2 protein chains.
Amino acid sequence: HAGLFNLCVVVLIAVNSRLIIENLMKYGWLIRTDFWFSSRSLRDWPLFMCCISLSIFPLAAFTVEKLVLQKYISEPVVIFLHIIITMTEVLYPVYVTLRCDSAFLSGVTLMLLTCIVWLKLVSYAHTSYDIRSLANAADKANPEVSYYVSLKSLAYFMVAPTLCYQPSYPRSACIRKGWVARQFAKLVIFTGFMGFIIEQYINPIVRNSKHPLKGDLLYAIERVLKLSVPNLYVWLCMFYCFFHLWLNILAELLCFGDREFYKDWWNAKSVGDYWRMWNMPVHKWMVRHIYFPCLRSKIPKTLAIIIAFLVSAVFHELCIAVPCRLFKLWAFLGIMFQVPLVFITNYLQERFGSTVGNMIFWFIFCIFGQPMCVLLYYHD
Amino acid sequence: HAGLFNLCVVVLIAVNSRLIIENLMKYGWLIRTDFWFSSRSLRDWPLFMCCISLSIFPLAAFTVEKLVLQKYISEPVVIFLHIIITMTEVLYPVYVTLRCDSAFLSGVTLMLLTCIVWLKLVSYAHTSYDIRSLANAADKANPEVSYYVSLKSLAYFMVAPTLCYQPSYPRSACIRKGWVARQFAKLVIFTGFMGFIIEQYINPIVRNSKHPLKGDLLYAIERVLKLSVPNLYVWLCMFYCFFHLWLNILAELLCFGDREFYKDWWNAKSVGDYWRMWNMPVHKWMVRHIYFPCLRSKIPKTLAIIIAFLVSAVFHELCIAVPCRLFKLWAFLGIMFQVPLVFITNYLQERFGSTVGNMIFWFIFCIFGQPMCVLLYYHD
Ligand SMILES: CCCCCCCC/C=C\CCCCCCCC(=O)SCCNC(=O)CCNC(=O)[C@H](O)C(C)(C)COP(=O)(O)OP(=O)(O)OC[C@H]1O[C@@H](n2cnc3c(N)ncnc32)[C@H](O)[C@@H]1OP(=O)(O)O
Ligand SMILES: CCCCCCCC/C=C\CCCCCCCC(=O)SCCNC(=O)CCNC(=O)[C@H](O)C(C)(C)COP(=O)(O)OP(=O)(O)OC[C@H]1O[C@@H](n2cnc3c(N)ncnc32)[C@H](O)[C@@H]1OP(=O)(O)O
């Protein structure tokens, strides 16, 4: 069934083929300019070696786990230590990306690694607290603790493309190395295709006069789809590069038991259905750590969805607005608009059809969607 | 998996949304102009009532079958009658479409119905000859002949969307009438989408100065993909309207046992593989009536593929060049170019990959393909 997905790059080689064949070798006129990392030689940036400076805090979580598992201090004190460790995870890399500053894309990938490491840390803390509360009911404890293997399990969880820590993981085989290279080659060519389609389509169409949109929109609703359809293909190729290619490569090199991350997000009859569908690991993180602890007792789901999307709004604002240090709160409000939207398109999809719900999903994803974040990300 | 197919009409509503919302009601400024049939009222054209004048020749085939099955004359004489009946099937509707002439699109659908009725007739003759040769080995014969039910079986085969006659057919249920209407509604909106995408994309891009292509092509290879990508979407929507919608509707109203016509043509690693794949009934007709009678004895496949594509070239030329009565032989030579092409891309696909074979298939289908027939069909 893969040829109709395959046709979407045939028509991108085919339309403006001429501006594809004017390059010398591997986009010789557009190299290290789009999806760019300047000075590929040496490749030593003081935030790139500070991308491994956030790895001393998983070691700090292992030291406070060693304090509570060798009975150095009580459980509440360690919980406070986890709270301060994951708030230093907020406060320290924003100080890294403001003071002794660097490029915007390096700041964006540092904030994305900060967000992913924060989820991985909070999931490690919640799973360690759950297995400590399970193990303290009886006097079984844990003989043969194997702190090298626990260190390797925590570090292997930190490089893993999932956000749910277990000490025992499903594994696979790493004998297919030509496949790994083929996926990497597919990723690099798409990256070059990403830079080509950003420089040829979005960059001449954003670089003009623009105005902030209002409640009334007369003769201005044609721009929010015409400047969003190449952004729709940019987000589709971003999804294919991250969730189908890079996460599958990082699953394969670490020998992961499930390449399960992307799951059926194109047949979304509504958003809300879409946000529970579009990636497995962060949706498993919300249904394991925030929504379902709210749904254990005394909070219903009709504020749990708002507080889960509030912390997702906080993560998107920390990912986008902080490396540009402008504090727009446009991705915050643009995804806070989605939270009444999930409820709306559910009232619209009731007494209706799934097909026209998918039509209005792709319209919602066109205008008030995730390519809007890339549009505001290429508007600074 | 249907949402990624569904996105291709979201991006067509989205790009030039403005020229979609300037119409009054059901394309009020472009109605009965593209995919047009003038004078919808009365709807009585002298070739439209001559579209049922080709139905007296299935009755003629039943009369000559009644002559041979009631032993009025020997088998060879009836075979000659079948030969003249299906050559009057060639010679009479071209006289209908030249003398007392009509519109070009009515001539194109009359020639398409002529081609389909010719295949259905030759398949009926070959299957009747095969069951007559099977029944004449012993003295079983056929008690309870049921000539009303044989008449209904032949007529039901003539309205059926398959080209292989059997007296016993698999059936289904016709209780889902809201589904039938939904598919018909999907077909009509796509037809309107077809007329919209033909008038907005192909018609301003063909109506200019054009030149015949040669062996050397310098600074002219960008036109044969840029004027072919909207033609690629026109042929994709033509395939979806005919083989997925209209043939499934005609399967459902006649209660057919298999909606099997389209089969996996998008993952074509080569042409030749593609021509055996793109539709079930005409490919079953070639492998049941022309190729495999050649492969019974004394002819190898290395002229059988050329003679099968020669008669397919004759059918495409009779479909396209005869209603425009210009005798270009450009669709003839453009599909005679494909016959060395199937062999070529098979030598190219050997010692190679299936993925880059699919890449070069979609390049071949872009330039020297079936949208070229629609490009020359909208160039007169
Ligand atoms: C050192 C570095 C190493 C790096 C390594 C590589 C990287 C790591 C790799 C990968 C990690 C991620 C990389 C990218 C991260 C980027 C940063 C961000 O964080 S961007 C965040 C954007 N925002 C969101 O994603 C919001 C997500 N929101 C949601 O998932 C949902 O909307 C949610 C949970 C808030 C609401 O879910 P509703 O639609 O499900 O809820 P309802 O109405 O209540 O229905 C619940 C029912 O759904 C069914 N259901 C269907 N599927 C289900 C499932 N999978 N699990 C549970 N229930 C499911 C069940 O019936 C369930 O109810 P019953 O549990 O039975 O009571
Ligand atoms: C009153 C009106 C009512 C109307 C009702 C509605 C309408 C009716 C509805 C629908 C009818 C159609 C409507 C449209 C008609 C438009 C007009 C036209 O005619 S346009 C014609 C365009 N031209 C073609 O379509 C050329 C088609 N060409 C071919 O099919 C092939 O290219 C062919 C047969 C000429 C060559 O086939 P290679 O690729 O198969 O041959 P290899 O190299 O030899 O391989 C053969 C092997 O392939 C495998 N194979 C795979 N699939 C197979 C299969 N399905 N059958 C048999 N073998 C198959 C088997 O291994 C086989 O060998 P082993 O038979 O085992 O010895």
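Preceding this section is the structure that the text describes.
A. Quick peek at the relation of the copies chain A and chain B. With an axial shift of 0.0 Å and an RMSD of 0.0 Å, the rotation relating chain A to chain B amounts to 180°. As the rotation angle and translation indicate, the two copies are arranged about a two-fold axis. Both copies contact each other with a shared surface, as 100% of the interface residues of chain A are interface residues in chain B too.

B. Region of the structure containing the interface of chain A and chain B. Every contact between the two is made by 30 residues of chain A and, on the other side, 31 residues of chain B. The junction of chain A with chain B conceals about 2800 Å² of combined surface from both sides, 73% of it contributed by carbon and sulfur atoms. Summed over the shared surface of chain A and chain B, the number is 2 salt bridges. Applying the counting rule to chain A against chain B returns 8 residue pairs in polar contact. Among the secondary structure elements, those contributing two or more residues to the side of chain A that touches chain B are α1 (3–14), α2 (18–21), α9 (229–253) and α15 (354–367) of chain A. It is α1(A) that provides the largest number of residues to the side of chain A that touches chain B, a total of 9 residues. In terms of residue class, the side of chain A that touches chain B is built from 20 nonpolar, 7 polar and 3 charged.

C. Layout of the pattern of salt bridges. What the rule picks out here adds up to 14 salt bridges over all chains. Ionic pairing is found between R132(B) and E65(B), a salt bridge with its closest N-O pair at 2.9 Å. Here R132(B), found in helix α5 (residues 104–135), pairs with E65(B), found in helix α3 (residues 56–69); they are 67 residues apart in sequence, far enough to count as distant. Like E65(B), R132(B) is buried. The closest approach of N and O atoms between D273(B) and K269(B), which form a salt bridge, is 2.7 Å. What makes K269(B) partly exposed here is its relative accessible area of 27%. Among the ionic contacts, a cluster of salt bridges with common partners joins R18(A), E22(A) and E222(B).

D. Structural detail: unusual backbone geometry. Residue and element names in this part refer to chain B. Positive phi values are uncommon outside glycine, yet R32 reaches one of about 55°. Considering the arrangement of structural elements, one finds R32 in the loop between α2 (18–21) and α3. In this model, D264 sits at a positive phi of 65°, which is unusual for a non-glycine residue. Locating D264 in the fold gives a position in the loop between α9 (229–253) and α10 (280–289). A relative accessible area of 33% means that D264 is categorised as partly exposed.

Rules of the game
Residues numbered from 1 in each chain as written, not as in the entry; some residues may be left out. Chains lettered and ligands numbered in written order. Heavy atoms only, no water. Least-squares fit on C-alpha atoms. Contact = heavy atoms within 4.5 Å. Buried area = accessible area lost by both parts, 1.4 Å probe. Salt bridge = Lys/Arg side-chain N within 4 Å of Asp/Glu carboxyl O. Polar contact = N/O pair within 3.5 Å; in protein donor to acceptor, adjacent residues only side chain to side chain. Helix = DSSP H or I, 4+ residues; strand = E, 2+ residues; numbered from the N terminus. Nonpolar A, V, L, I, M, F, W, Y, C, P; charged D, E, K, R; others polar. Buried < 20%, exposed > 50% of the residue type's maximum accessible area, 1.4 Å probe, protein only.

In short, shape yes, function no, at least from these values alone.
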